[PDB]
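Student: Show me how the following folds:
(chains A, B, C and D)
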Amino acid sequence: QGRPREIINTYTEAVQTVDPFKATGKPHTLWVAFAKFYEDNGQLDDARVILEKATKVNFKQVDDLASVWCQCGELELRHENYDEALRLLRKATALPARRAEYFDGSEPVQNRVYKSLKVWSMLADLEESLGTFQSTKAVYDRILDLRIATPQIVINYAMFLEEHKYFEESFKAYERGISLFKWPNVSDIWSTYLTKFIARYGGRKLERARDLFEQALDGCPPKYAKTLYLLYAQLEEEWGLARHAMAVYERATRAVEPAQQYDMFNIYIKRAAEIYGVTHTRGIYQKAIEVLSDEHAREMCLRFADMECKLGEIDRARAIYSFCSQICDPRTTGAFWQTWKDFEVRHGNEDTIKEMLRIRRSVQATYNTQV
Amino acid sequence: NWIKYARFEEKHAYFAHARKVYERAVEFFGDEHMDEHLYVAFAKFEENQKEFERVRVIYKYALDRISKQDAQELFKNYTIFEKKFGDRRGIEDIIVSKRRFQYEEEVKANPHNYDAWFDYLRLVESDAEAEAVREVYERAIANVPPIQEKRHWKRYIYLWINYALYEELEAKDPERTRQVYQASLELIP
Amino acid sequence: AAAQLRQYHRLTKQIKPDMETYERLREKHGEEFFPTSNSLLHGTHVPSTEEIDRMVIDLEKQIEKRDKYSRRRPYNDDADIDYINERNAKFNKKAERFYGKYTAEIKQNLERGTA
Amino acid sequence: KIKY
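Tutor: Numbering: from 1, shown residues only, chains lettered A, B, ... in the order given. And now the structure:
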């Protein structure tokens, strides 16, 4: 009622709430809104007394305190020139450094990463517009979290790279990302920043870059979908060494598809296709036929079977057909048997030697059909 | 038991008797090597109190461990953890990153094929003066002539490339290039 | 293996060690299932005989029927937990059998067939 | 020790 102006009086009644009871964040948010009504009241008049009165509530142990001080920092960003906003935001931002949270309440821990890192980020190193970020301000934010924080880990490492751009910020970003959160949550961003920082800092085609990249991601869970290879496997293949590329192709082939996806299977068969030669495709055929989920061994053994029959002799086609009898549950199918029989007819069998192939294939299908 | 007493004493605040009891217990239990015993407590109290002197002393005592530095990956991941925590970046931590477990595993590969010699040459790219490069080239030259036809020809090109890089490192076509031409006379077919 | 720590979370267990393992996990689940108590007031009931393990008096007055019912609750809880073993999980399939012994011989026969 |  009469919010912008009525008597230029009732705004005090709007700021009048009282009724002390148990509340979290309501008197602080309504006190910041009352500080905006104080901004329409003549700005700095009565505003500093409201910020100082609402700045101390019990001893720490609240997220509304630093949120109201940070809100006063945003009103200080609305204050144009950053001299006084940087002084008052520097002292008010430096106050939580001595004591943060965890005095009494329902919060088991202090959790000063959000609020404290927000006040430290509003004071310096915003990574957007405002300047005046000292070379030690990044360490002041990392020390503001004091254990680990990774909402801003990408932006924090980007700010440390803006102020420094060296390997120390990359290693500190890798340690802060590893200790930040378990599993490739912030560790995946630590891997991307480890490859980009490995190329732009540690040097191209460096052994220590592959040693650290392979050391941190060694065992790993399957990332987002899975990547155990393409970064380190492609980086090793592009490093100029045709030897270690094959070793990283086999070691990458063991961890290739934990989900038994045909993607990594075609990536390993293609990696063995573009390098080495026939014998490598045969070893990849036996290795692809060894690992089996449902259709994996049938499709891989069929493709490598046709590729081997079109190049090598017909022994791998007959033995590959016998291997196709023990796998590839009948379902419907019927095309692979006629295609294998026609391929055997084109191999010089015709009348002879095809009676056991067709009679054995039909006898195997009838035997698999049960009754 | 030392990790349990260090954890309970860690949640007990204090840590003076936990560190003194960690060094005293690590001294009385020392027989062959510390490995997961003292290094885990030294890294726990180290990273807990954020002390570089304890990390340097732990890294110095870990380098004196016998039995191939006790557990390979343990001391490697611990030295990389305290390394990356304290300084890391380049220079010291880079050379030590190529050294220690990397230089030992790449140092002794139980030579079989030319890939291990190529890795020893990659780690030997920047190591010492031309004496070590000539020792690695002469050590890998006679290490694997596996056969007459095929392979060893590429191994002969590997010995000619190792002698060409080692001889061409500090000089330009020295007498070692003439000796590499004598080795290029193909005692093979 | 792992000695001790301060935490509570899920695990696997349920393995061959049986008696010792089920008693260790049962005592840990019972201790973690029952938090602390009013012993501060028993801290007024505390005086000078507390420490000195070897005991002068091992009986005294016990507590009351209160601690008797509070002692009887985990007994019924252990009875309900002991009442959980398996389910019926039955159906009509394959051939018939005779009472329990033929079903046990079917389970052991299935264990011997798969090897 | 004379009791327990």
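Student: now residue A:277: how far from chain B?
Tutor: 13 Å (Cβ to the nearest Cβ, to the nearest Å). Heads up, the C-betas are built off the backbone N, CA and C, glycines and all.
Student: How about residue C:18?
Tutor: Separation of residue C:18 from chain B (Cβ to the nearest Cβ) stands at 26 Å.
Student: same thing with residue A:253?
Tutor: Using Cβ to the nearest Cβ, residue A:253 is found at 17 Å from chain B.
Student: gap between residue A:115 and residue A:64?
Tutor: Distance of residue A:115 to residue A:64, given as Cβ to Cβ, to the nearest Å: 9 Å.
Student: mind listing the helices for chain B?
Tutor: Counting by DSSP state H, residue ranges of the helices within chain B are B:2-11, B:16-28, B:38-49, B:52-63, B:66-69, B:72-86, B:92-98, B:101-105, B:114-123, B:130-141, B:151-170, B:175-183.
Student: Which among the ones you listed is found nearest to chain C?
Tutor: Nearest of the helices of chain B to chain C, taken as Cβ to the nearest Cβ: helix B:2-11 at 4.9 Å.
Student: can you tell if that closest one touches chain A?
Tutor: No. Using Cβ under 8 Å from any Cβ of the partner chain as the criterion, no contacts between helix B:2-11 and chain A are found, and the smallest distance is 13.6 Å.
Student: The closest residue in space to residue B:143 that isn't next to it in sequence - how many residues pack around it?
Tutor: The shortest distance from residue B:143 to any residue other than its chain neighbours is 4.9 Å, reached at residue B:111 (Cβ to Cβ, 6 or more residues apart in numbering or on different chains). When counting by other Cβ atoms under 10 Å in any protein chain shown, one arrives at 14 neighbours for residue B:111.
Student: what does residue A:275 give?
Tutor: Around residue A:275 there are 13 other residues, counting by other Cβ under 10 Å.
Student: wait, doesn't the residue nearest to residue B:143 sit right on residue B:144?
Tutor: Yes. Counting by Cβ atoms under 8 Å, residue B:111 does reach residue B:144; the two are 6.7 Å apart.
Student: circling back: pipe the helices of chain B into JSON lines and attach mean neighbour count and distance to residue A:230 per row.
Tutor: Formatted as JSON lines, the helices of chain B follow (neighbours: other Cβ atoms under 10 Å in any protein chain shown; distance: least, Cβ to Cβ, whole Å):
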{"stretch": "helix B:2-11", "mean neighbour count": "16", "distance to residue A:230": "39"}
{"stretch": "helix B:16-28", "mean neighbour count": "14", "distance to residue A:230": "44"}
{"stretch": "helix B:38-49", "mean neighbour count": "20", "distance to residue A:230": "33"}
{"stretch": "helix B:52-63", "mean neighbour count": "16", "distance to residue A:230": "34"}
{"stretch": "helix B:66-69", "mean neighbour count": "12", "distance to residue A:230": "33"}
{"stretch": "helix B:72-86", "mean neighbour count": "19", "distance to residue A:230": "24"}
{"stretch": "helix B:92-98", "mean neighbour count": "17", "distance to residue A:230": "24"}
{"stretch": "helix B:101-105", "mean neighbour count": "16", "distance to residue A:230": "24"}
{"stretch": "helix B:114-123", "mean neighbour count": "19", "distance to residue A:230": "22"}
{"stretch": "helix B:130-141", "mean neighbour count": "17", "distance to residue A:230": "32"}
{"stretch": "helix B:151-170", "mean neighbour count": "17", "distance to residue A:230": "29"}
{"stretch": "helix B:175-183", "mean neighbour count": "15", "distance to residue A:230": "40"}
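Student: can you tell me which of these comes nearest to chain D?
Tutor: Closest to chain D of the helices of chain B, according to Cβ to the nearest Cβ: helix B:2-11, at 28.6 Å.
Student: Tell me which residues are up against the closest one.
Tutor: Residues from elsewhere that reach helix B:2-11, judged by Cβ atoms under 8 Å, 6 or more residues apart in numbering or on different chains: B:15, B:17-18, B:21-22, B:25-26, B:29, B:37, B:40-41, B:44-45, B:48, C:3-6.
Student: Run the chain-centre distance for it.
Tutor: 32 Å (Cα atoms, centre = their mean, to the nearest Å).
Student: one step back: let's have the helices of chain B in TSV, adding distance to residue A:161.
Tutor: Below are those laid out as TSV (distance: least, Cβ to Cβ, whole Å):
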stretch	distance to residue A:161
helix B:2-11	34
helix B:16-28	36
helix B:38-49	24
helix B:52-63	24
helix B:66-69	34
helix B:72-86	17
helix B:92-98	19
helix B:101-105	27
helix B:114-123	29
helix B:130-141	36
helix B:151-170	35
helix B:175-183	45
